[PDB]
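Chemist: test case, fold it:
(2 chains)
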Number of protein chains: 2
Amino acid sequence: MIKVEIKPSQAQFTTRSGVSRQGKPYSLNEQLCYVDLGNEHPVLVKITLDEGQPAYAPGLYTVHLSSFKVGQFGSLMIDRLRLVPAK
Amino acid sequence: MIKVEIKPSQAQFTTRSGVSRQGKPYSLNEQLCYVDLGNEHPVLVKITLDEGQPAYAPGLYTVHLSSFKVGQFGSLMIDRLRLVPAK
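Modeler: Numbers count the residues shown, from 1 in each chain, chains lettered A, B, ... in the order given. The relevant structure is shown in the block below.
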């Protein structure tokens, strides 16, 4: 699957100003991850971090298609890849 | 994973004119598939079909991130989801 590896220095997200749809301000937390299934070396990619949800801890990761959708002429497309530990 | 189900009427691709990069004409074969992991009901989505590669036969499917890439501000994105039977 879309494996990943949350580096040891990427176990904590960051709080950054944010606004859902110009309705209310939301300083969601963002984190990082390292994907390799598409590149031997790890690629530090971004990963949203839900409030209650704690930054992606250390452990092999696997993106989640819970963020993917089907449509647009019938073409699958991620809407916000939900990362998760490889299990 | 991104499961799928190639319907019984979607076991054959179609030959349609095509052009890689304005270099040469390529009538690649395209097929279809039904994804549900993002919707109880199956969603008929498109799926490229390599020449030698035979249309996606009947059997649970799972998209392949072999078509995904990491970059663009660090955002994973499919470049041409490679479908494969769920195994």
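Chemist: contact residues of chain A facing chain B?
Modeler: In this structure, chain A approaches chain B at residues A:1-2, A:32, A:35, A:37-39, A:43-46, A:63, A:65-66, A:68-71, A:73-78, A:81, judged by Cβ under 8 Å from any Cβ of the partner chain. From N, CA and C alone the C-beta is placed, and that goes for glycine too.
Chemist: make it 7 Å
Modeler: Along chain A, the residues adjacent to chain B under the rule Cβ under 7 Å from any Cβ of the partner chain are A:1-2, A:35, A:37-39, A:43-46, A:63, A:65, A:68-70, A:74-78, A:81.
Chemist: okay, and the beta partners of residue A:25?
Modeler: Applying DSSP bridges to residue A:25 yields these beta-bridge partners: residue A:19.
Chemist: I meant to write residue A:85 there.
Modeler: Residues in beta-bridge contact with residue A:85 (DSSP bridges): residue A:61.
Chemist: and for it, the neighbour number?
Modeler: Burial of residue A:85, expressed as a neighbour count using other Cβ atoms under 10 Å in any protein chain shown, amounts to 13.
Chemist: equivalent analysis for residue A:5, please.
Modeler: The tally of other residues near residue A:5 (other Cβ under 10 Å) stands at 19.
Chemist: that one and residue A:32, how far apart?
Modeler: According to Cβ to Cβ, to the nearest Å, residue A:5 and residue A:32 sit 11 Å apart.
Chemist: thinking again about what came up before, just the residues of chain A next to chain B: which are in strands?
Modeler: Mapping the residues of chain A next to chain B onto strands (DSSP state E) picks out A:35, A:43, A:44, A:45, A:46, A:63, A:68, A:69, A:77, A:78.
Chemist: thinking the second one is in contact with residue A:33, fair?
Modeler: The reference is to residue A:43. No: with contact defined as Cβ atoms under 7 Å, residue A:43 and residue A:33 do not form a contacting pair (8.8 Å).
Chemist: what about those two, which has more around it?
Modeler: Taking neighbours as other Cβ under 10 Å, residue A:43 and residue A:33 compare with residue A:33 leading, 25 against 19.
Chemist: for the more buried one, phi and psi?
Modeler: phi -160, psi 160 (degrees, to the nearest 10).
Chemist: ok, it to residue A:81 distance?
Modeler: With distances defined as Cβ to Cβ, the gap from residue A:33 to residue A:81 amounts to 9 Å.
Chemist: ditto for residue A:10
Modeler: Remark: distance between residue A:10 and residue A:81 (Cβ to Cβ) = 15 Å.
Chemist: more neighbours, the two?
Modeler: Here residue A:10 and residue A:81 are set side by side on neighbour count (other Cβ under 10 Å), and the busier one is residue A:81, at 25 against 19.
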